[PDB]
Amino acid sequence: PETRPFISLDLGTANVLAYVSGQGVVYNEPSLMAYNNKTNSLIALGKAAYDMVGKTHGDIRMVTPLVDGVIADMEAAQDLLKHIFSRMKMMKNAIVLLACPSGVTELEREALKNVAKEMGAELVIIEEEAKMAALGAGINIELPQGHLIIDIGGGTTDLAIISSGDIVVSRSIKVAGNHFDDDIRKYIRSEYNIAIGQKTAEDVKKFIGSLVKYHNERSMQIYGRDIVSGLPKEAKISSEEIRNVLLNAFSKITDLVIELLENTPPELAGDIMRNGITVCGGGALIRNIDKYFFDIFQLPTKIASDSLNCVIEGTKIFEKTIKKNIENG
Amino acid sequence: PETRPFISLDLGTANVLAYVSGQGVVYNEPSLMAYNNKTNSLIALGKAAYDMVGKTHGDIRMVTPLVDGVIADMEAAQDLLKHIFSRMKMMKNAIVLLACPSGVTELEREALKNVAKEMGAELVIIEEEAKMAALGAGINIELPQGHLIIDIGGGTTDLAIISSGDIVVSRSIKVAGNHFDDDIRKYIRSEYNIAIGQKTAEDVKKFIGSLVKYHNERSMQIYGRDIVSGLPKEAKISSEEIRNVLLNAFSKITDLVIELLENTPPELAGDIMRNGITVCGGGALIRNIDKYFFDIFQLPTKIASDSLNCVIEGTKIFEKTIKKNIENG
Amino acid sequence: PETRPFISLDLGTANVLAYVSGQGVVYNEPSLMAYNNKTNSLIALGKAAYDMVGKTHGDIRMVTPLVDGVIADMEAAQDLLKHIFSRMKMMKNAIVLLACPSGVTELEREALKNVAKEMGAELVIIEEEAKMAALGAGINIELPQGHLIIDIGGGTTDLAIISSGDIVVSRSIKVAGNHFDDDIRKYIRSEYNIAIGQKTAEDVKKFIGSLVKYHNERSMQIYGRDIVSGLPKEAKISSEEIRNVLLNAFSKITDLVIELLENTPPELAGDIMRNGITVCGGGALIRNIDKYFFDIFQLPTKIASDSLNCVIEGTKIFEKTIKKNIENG
Ligand SMILES: Nc1ncnc2c1ncn2[C@@H]1O[C@H](COP(=O)(O)OP(=O)(O)O)[C@@H](O)[C@H]1O
Ligand SMILES: Nc1ncnc2c1ncn2[C@@H]1O[C@H](COP(=O)(O)OP(=O)(O)O)[C@@H](O)[C@H]1O
Ligand SMILES: Nc1ncnc2c1ncn2[C@@H]1O[C@H](COP(=O)(O)OP(=O)(O)O)[C@@H](O)[C@H]1O
Ligand SMILES: [K+]
Ligand SMILES: [K+]
Ligand SMILES: [K+]
Ligand SMILES: [Mg+2]
Ligand SMILES: [Mg+2]
Ligand SMILES: [Mg+2]
């Protein structure tokens, strides 16, 4: 029948999402998984392990199953989707739609399918994240109109020119959210001589981070370890200095856009001026990222609604398409 | 019986038309056909492929089945008329009237017949496009009065002196719509340093193109790729500069008219002054093309109604003639 | 019986006429016959081919069956009278009266009879055109009174002194209508540097041609090919310059009249002063040709009524005479 079960997965570097047809997104948690480093046993995953990063003894190993679409830890990758498939095992012929970044090789994608199949998958389908992100952002990719999708995730900023449902031009760079957190951590050590964890650096980016000055920007207090005294030390950080370090981090992302537009066919480039840039992903939540991209490229920039879910929302829309590609052909 | 099915085809370089007796023109779409360059499979044809030219990855091959009446792609030519014959297969002894330009050799015309026969044609008839265009423009070619037919198509400008239903003098040159689009593209690159696709160049010719200044000519905005910055760039183009580049493109067409009239018998040349020039085809829609031809040759110039359909409308009229040539003789 | 069918023919260089007893002139059309030069097949004859002269491709051969009474084309001559005999075949013992110019040899006249007999003629009679033209002009040739008949046809100007029903003195020259058309064509090329066809040159002679200035002579517009530019060119031509070129063309006809009167017996020459000159044929329609001949020879000149039909009208009158020569003798 056509009521066949359907599951799609966003195996992101920072957040893992799982959509089930008829039940919505049943799983949406960070990718961190805590393991007992003495017994190689699973301790926690999702939020329970994400609240412990930087707060664990050496006997607790923090693991990310997938980094930039590639299986970073085989034991963790299959432990993750076993937890997801078990909540589907307890409700038999589900369709497994995987979304893979453009940088994943075919050899690594066959590994993603087998790991899914090894844990109990019958039919595994792989689609490009860019067209999934474009579907979740509201673009009708079937139309012959060029669109520019910028997906700023946890460890990869993915760029793609999409027209007629295909990736005309594609670029990728390993500079994203995790790189922004490290630069914030390294800046606060060079400017205030205070060591902070990755979690504090990430919360600063979310609370006061921006690329253009916004209305009534506030300053927040950090709490870390003093390099000089060794004792815990406090510090006040303004939104401006967080903006200047994000400005510097976006330097390698901006030139990639120049390189993507350099090799874009002239008829597509015409559509980019009228259709514009669509920024999606976690990095799309940077304050005034639309005005920042507009001020540089003179291109109209819009932020997709629920940018975190553009990939998993696109797989929602693409379920009726793969069922056509399965029932037919 | 005399109610035998009848189909005629305009296999033009830019537009393909198909007339069925009793149903009118059932097919009228551009010639572009999109093929999967990895599997050599047909993806789209007509408008679906025409909206994608300049907007496709390298894995999509854009194909024109016939260029200037000659089979440019064997696989595409038979894929095209199979799509047309199928819509006739689903409604058995149809007459296939083909209209061929004057530049097609008899060896290439036998290929056009066999390809039609190979896909299921029983009786294939070939007629000259010039007399078909003259029939579709309102000329009674049976009368002993000379007429000058200028057919400006996609890739060929065809000239013919017609009298008593025969081609007295004939000339042809491979300078037409596609040459005009390229010159517009090359002018906008040399004047504004902006690369545009073929589709934008064609729309400029249709929206503001002309050969003589017309009432309240407007300027339009193009959108392409900047040669210098590599980013998409906008430009404003007036109707005057588009007129001057069309003026230069029509230089090789004007001297061909001089050459056609140079070798025209003196009694025919007398009729050309009184009957005049009949401009038909897509290029006949150039604004003030009648006044432009009149200012050069001092010959009265008239634009045929529905110049795009002069060939397919002429085959409509010539159905009762070929039935006479079939039932008799 | 005496109700035997009777057909007479005027196989002129310019016009072919056919009279049937009891039905009048059933055929009266120009001599031009159009043939497919690739298949030697008959395409058209009469007016249909006359409207195409100078307006045909090289694959269409224009043929005149008889030039100056001699079979110019054997295939065309028998194709012509087969078309005439067929309209008599569909209504069985007809009398075939042929009128032959004085320049036709007996060997060529036997060819005219056999070609008629080869297509289905039983009894073929040949008579002199001059006495037939004299009968059609109203002269009672049986009377012993001398008359001067000037027959200006398409390619021959025939002169004869007729008395008692016999040709006393006869002269002929190959200068007539076709020579006048060529001189008009050659004059318009030398005076205006414009090439015109034979049809335009003939219509000028008919519309404004004359030998003496007439009342309210007009100027007409020609349309031909310019020698310099190669483009069609217009020109205005007055009746005076057309008169001066006809005056020069009639130079060789005038001296022939002097030569005919030089060898005319003195008793006949006396009758020429009182009876006068009778001008018949197409050339008799030249405006003021009677006053022109009168001003030169001081001889009274009269134009025969329906000068084009003087030969075929004379054969009408000579039917009762040949029936006497057949029933008796
Ligand atoms: N409000 C916010 N402001 C700035 N950055 C954010 C915000 N929310 C999330 N992020 C960043 O976005 C990243 C997660 O986005 P996502 O596209 O789900 O990553 P991935 O697809 O790689 O798993 C996190 O690393 C986080 O640092
Ligand atoms: N309004 C217009 N103004 C100028 N050019 C036009 C217009 N409409 C069509 N054309 C040109 O005419 C061409 C198509 O005319 P057509 O005679 O159908 O070509 P073909 O017969 O070779 O297929 C196209 O290439 C297009 O560029
Ligand atoms: N109105 C006219 N004025 C001057 N010439 C004429 C006129 N009508 C006919 N003709 C000439 O007379 C010729 C035909 O006369 P006709 O005696 O029938 O010729 P033929 O007897 O040789 O066939 C034509 O060649 C034409 O040029
Ligand atoms: K994610
Ligand atoms: K066409
Ligand atoms: K005649
Ligand atoms: Mg992502
Ligand atoms: Mg055409
Ligand atoms: Mg005659």
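Residues numbered from 1 in each chain as written, not as in the entry; some residues may be left out. Chains lettered and ligands numbered in written order. Heavy atoms only, no water. Residues with missing side-chain atoms left out of burial classes, pairs and counts.

Structure determination for this PDB entry is given in the record as X-ray crystallography, at a resolution of 2.3000 Å.

Asks: Help me understand the overall build of chain A in this model?
Replies: Within chain A, the regular secondary structure consists of 12 helices and 18 strands. Expected size for 329 residues packed as a compact globule is a radius of gyration near 20 Å; at 21 Å, chain A falls within 12% of this value. (Helix = DSSP H or I, 4+ residues; strand = E, 2+ residues; numbered from the N terminus. Rg over C-alpha atoms; globule rule 2.2 N^0.38 Å.)

Asks: Would you mind going over the site of ligand 3 with me for this structure?
Replies: Residue and element names in this part refer to chain C. For ligand 3, the set of nearby residues contains 16 residues, the closest of which are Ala-14, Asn-15, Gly-154, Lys-205 and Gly-282. The separation between an oxygen atom of ligand 3 and a polar side-chain atom of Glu-202 is 3.3 Å. In isolation ligand 3 exposes 580 Å². Once the protein is present, 89% of that is buried. For the shell around ligand 3, the leading source of residues is helix 6 (residues 198–208), giving three residues. (Near = heavy atom within 4 Å. Polar contact = N/O pair within 3.5 Å; in protein donor to acceptor, adjacent residues only side chain to side chain. Areas by Shrake-Rupley, 256 points an atom, 1.4 Å probe, with all protein chains shown as cover.)

Asks: Explain the UniProt feature "binding site: ADP" (unreviewed entry) in chain A here, please?
Replies: Residues and elements named next belong to chain A. As annotated by UniProt and renumbered to match this structure, "binding site: ADP" (unreviewed entry) occupies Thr-13, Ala-14, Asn-15, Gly-154, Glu-202, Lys-205 and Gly-282. Residue placement: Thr-13 occurs in the loop between strand 1 (6–11) and strand 2 (15–20). Beyond its immediate chain neighbours, meaning those up to four positions away, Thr-13 contacts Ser-31, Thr-64, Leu-66, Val-67, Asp-68, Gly-154, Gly-155 and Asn-178. Secondary-structure assignment places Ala-14 in the loop between strand 1 and strand 2. Not counting chain neighbours up to four residues away, the residues in contact with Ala-14 comprise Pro-30, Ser-31 and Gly-154. (UniProt positions renumbered as here; feature names shortened; annotations may be inferred. Contact = heavy atoms within 4.5 Å.)

Asks: Explain the site of ligand 1 here, please?
Replies: All names here are of chain A. Around ligand 1 lies a shell of 16 residues, among which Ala-14, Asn-15, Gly-154, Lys-205 and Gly-282 are the nearest. At 3.2 Å, a backbone N or O of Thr-13 approaches an oxygen atom of ligand 1. Measuring from an oxygen atom of ligand 1, one finds a backbone N or O atom of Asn-15 at 2.8 Å. It is helix 6 (residues 198–208) that provides the largest number of residues to the shell around ligand 1, a total of three residues. Broken down by class, the residue content of the shell around ligand 1 amounts to five nonpolar, eight polar and three charged. (Nonpolar A, V, L, I, M, F, W, Y, C, P; charged D, E, K, R; others polar.)

Asks: Quick question: what am I supposed to make of the sheet that holds strand 2 (residues 15–20) of chain B here?
Replies: Residue and element names in this part refer to chain B. Taken together, five strands build an open sheet; the order of strands is 3-2-1-9-10 and the sheet is mixed. Both edges of this open sheet fall to strand 3 (24–30) and strand 10 (123–128), since each of them pairs with a single strand only. Pairwise comparison of adjacent strand axes, ignoring direction, gives a mean angle of 20 degrees for this sheet. In the sheet, strand 1 (residues 6–11) pairs with strand 9 (residues 95–100) via four bridges, with the strands oriented parallel. If you follow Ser-8 over to strand 9, its bridge partner there is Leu-97. Helix-sheet contacts for helix 4 (residues 129–136) involve strand 1, strand 9 and strand 10, and the interaxial angle to strand 10 is about 75 degrees. (Pairing = 2+ DSSP bridges. Axes fitted to C-alpha atoms, helices over the stretch in contact; angles between N-to-C directions.)

Asks: Would you explain helix 4 (residues 129–136) of chain C in this entry?
Replies: Given 3.6 residues per turn, any residue in an α-helix points the same way as the ones three and four places further on. Residue and element names in this part refer to chain C. The element helix 4 is extensively covered by neighbouring structure, given that eight of its eight residues are classed as buried. Looking at helix 4, one finds that the buried residues are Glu-129, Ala-130, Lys-131, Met-132, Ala-133, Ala-134, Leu-135 and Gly-136. With its phi angle positive at about 100 degrees, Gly-138 sits one or two positions after the end of helix 4. (Buried < 20%, exposed > 50% of the residue type's maximum accessible area, 1.4 Å probe, protein only.)

Asks: What is the right way to read the side chain of B:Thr315 from this model?
Replies: All names here are of chain B. Along the chain, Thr-315 falls in helix 11 (residues 310–317). Only 2.9 Å separates the side chain of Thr-315 from the side chain of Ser-8, close enough to count as a polar contact. Contacts of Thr-315, omitting those with residues within four sequence positions, involve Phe-6, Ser-8, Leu-97 and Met-132.

Asks: When you look at the environment of C:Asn216 in this model, what are you seeing that I'm missing?
Replies: Among the secondary structure elements, C:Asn216 is positioned in the loop between helix 6 and strand 15 (220–226). It is 9.8 Å that separates the C-alpha atoms of C:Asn216 and C:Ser239, two residues lying 23 residues apart in sequence.

Asks: Teacher, can you tell me more about the interface of chain A and chain B here?
Replies: Note on interface size: it is often stated as the accessible area lost on association of the parts. With 23 residues of chain A in contact, the opposing surface of chain B contributes 22 residues. Mapped by element, the contributors of at least two residues to the side of chain A that touches chain B are strand 13 (166–173), helix 8 (251–262) and helix 9 (266–275) of chain A. Top contributing element to the side of chain A that touches chain B by residue count: helix 9 of chain A, with nine residues. Grouping the constituent residues of the side of chain A that touches chain B by class yields 13 nonpolar, five polar and five charged.

Asks: Honestly, the pattern of salt bridges in this entry has me stumped. Any pointers?
Replies: Here the idea is simple: oppositely charged side chains can pair when their charged atoms come close. Following the criterion strictly, the structure yields 41 salt bridges over all chains and no others. A salt bridge links A:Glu106 to A:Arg109, with the nearest nitrogen and oxygen atoms 4.0 Å apart. A residue pair is termed a helical-turn pair when its members lie 3 or 4 positions apart in one helix, as A:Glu106 and A:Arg109 do in helix 3 (residues 106–118) at three residues. Judged by relative accessible area, A:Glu106 falls into the exposed class, the value being 60%. Overall, A:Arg109 belongs to the buried group, its relative accessible area being 10%. With its nearest N and O atoms 4.0 Å apart, the salt bridge here joins B:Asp51 to B:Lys47. Salt bridges linked by common partners bring A:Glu106, A:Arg109 and A:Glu128 together as one network. (Salt bridge = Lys/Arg side-chain N within 4 Å of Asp/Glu carboxyl O.)

Asks: Sorry, what's going on with the environment of C:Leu261 here?
Replies: Residues and elements named next belong to chain C. Relative to the helices and strands, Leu-261 resides in helix 8 (residues 251–262). Residues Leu-261 and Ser-170, 91 residues apart in the sequence, show an inter-C-alpha distance of 9.9 Å. Discounting chain neighbours no more than four positions away, the residues touching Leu-261 are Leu-148 and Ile-272.

Asks: I would appreciate a short explanation of the sheet that holds strand 13 of chain A in the present structure.
Replies: Where strands meet in a sheet, backbone hydrogen bonds hold them as pairs that are either parallel or antiparallel. Residue and element names in this part refer to chain A. Pairing in this open sheet of five strands is mixed, and the strands run 13-12-11-17-18 from one edge to the other. Where the open sheet ends on each side, the last strands, each with one partner, are strand 13 and strand 18 (301–303). Direction aside, the axes of adjacent strands within the sheet are offset by 20 degrees on average. Bridge count between strand 11 (residues 147–152) and strand 12 (residues 157–163): six bridges; the pairing is antiparallel.

Asks: Looking at this structure, I do not really get the state of the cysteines. What am I missing?
Replies: Disulfide: a covalent bond formed between the sulfur atoms of two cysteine residues. Under the definition given, this model contains zero disulfides over all chains. Residue B:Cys310 stays outside any disulfide, its sulfur separated by 4.7 Å from that of B:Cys280, the closest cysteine. The exposure class of B:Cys310 is buried, given its relative accessible area of 1%. No disulfide involves C:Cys100; its sulfur sits 16 Å from the nearest other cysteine sulfur, which is in C:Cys280. (Disulfide = S-S within 2.5 Å.)

Asks: Would you mind showing me how to read the packing of helix 5 (residues 177–192) of chain B against helix 6 (residues 198–208) of chain B here?
Replies: Geometrically, a packed helix pair is captured by the angle between its two axes and the distance between the axes. Residues and elements named next belong to chain B. Axis separation between helix 5 and helix 6 bottoms out at 8 Å; the angle between their running directions is 105 degrees. Classified by the angle between their axes, helix 5 and helix 6 sit roughly perpendicular to one another. Note on element contacts: helix 6 touches helix 5 through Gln-198, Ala-201, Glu-202, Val-204 and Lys-205, opposite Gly-177, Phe-180, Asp-181, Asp-182, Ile-184 and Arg-185. Of the residues belonging to the contact of helix 5 with helix 6, the class tally is four nonpolar, two polar and five charged. (Parallel < 35°, antiparallel > 145°, perpendicular 65-115°, else oblique.)

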